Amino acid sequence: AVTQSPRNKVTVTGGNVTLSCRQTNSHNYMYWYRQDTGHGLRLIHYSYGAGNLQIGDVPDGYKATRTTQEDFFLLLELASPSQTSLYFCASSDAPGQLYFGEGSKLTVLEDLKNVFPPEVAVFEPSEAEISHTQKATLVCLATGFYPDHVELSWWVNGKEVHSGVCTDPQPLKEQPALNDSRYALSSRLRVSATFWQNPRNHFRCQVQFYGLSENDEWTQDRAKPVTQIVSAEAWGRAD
């Protein structure tokens, strides 16, 4: 069991970030990795026992402290956009055998001027499908969000569901040309047409979005794009 936090954080160039990792295990070795598609996992720093530090493969722009046996901190003092990555913490008491944490997604923005929360819409099943297939398929769409830092979930009558769900593994630049384009994500939820045709059943698409923090500046004629949850719903309909 390796726990790290924060799981998600957005910051701007120059900011100061600290990633925490605690291990219930009593392992001596602890590691900090970054994962970037195209580079896999690259070691930043690691530690053999309390109060020990050893440079990794890519330690530039990072600092680490092994304060105790069970605690290991990664320290970004001058956040560069290049440091945008998925960070992992691991422990080990045997050579080459690492236990990993769930990871911490960190987006390092250049400019908050372009941060915008997603717009969520739910689209009801097609009638033809209902008759042809005997199954109803809902679609959910998250649009106009930046950065690419979201989590989409489906909810049926108060409970998050996974069966019958499938969300795009990757978003897509609404306008790929722009360097900092808005993103759009789609998900599907399929259920037995019987279930959909019951007006008692309630369907909700939920999008968690990580944007600006509370204690952050925002000097724009916009609705401040803060970490938030945006949802769109739909009731079953018999017809």
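One-based numbering along the sequence shown.
Stretches 107-115 and 80-88 differ in mean CA B factor, with 107-115 having the higher one. The PDB entry records a higher mean C-alpha B factor for 168-176 than for its counterpart among 168-176 and 46-54.
Ranking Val150, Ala142, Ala128, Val122 by the C-alpha B-factor listed in the PDB entry places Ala128 at the top. Looking at the C-alpha B-factors along this chain, the one for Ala234 belongs to the middle third. When all modelled residues of the chain are sorted by CA temperature factor, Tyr29 is found within the lowest third. Residue-level temperature factors show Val10 in the middle third of its chain, judged at the C-alpha atom. Annotation for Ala64: C-alpha temperature factor in the middle third relative to the rest of the modelled chain, per the entry. In the deposited entry, the Cα temperature factor of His162 places it in the middle third of its chain's modelled residues.
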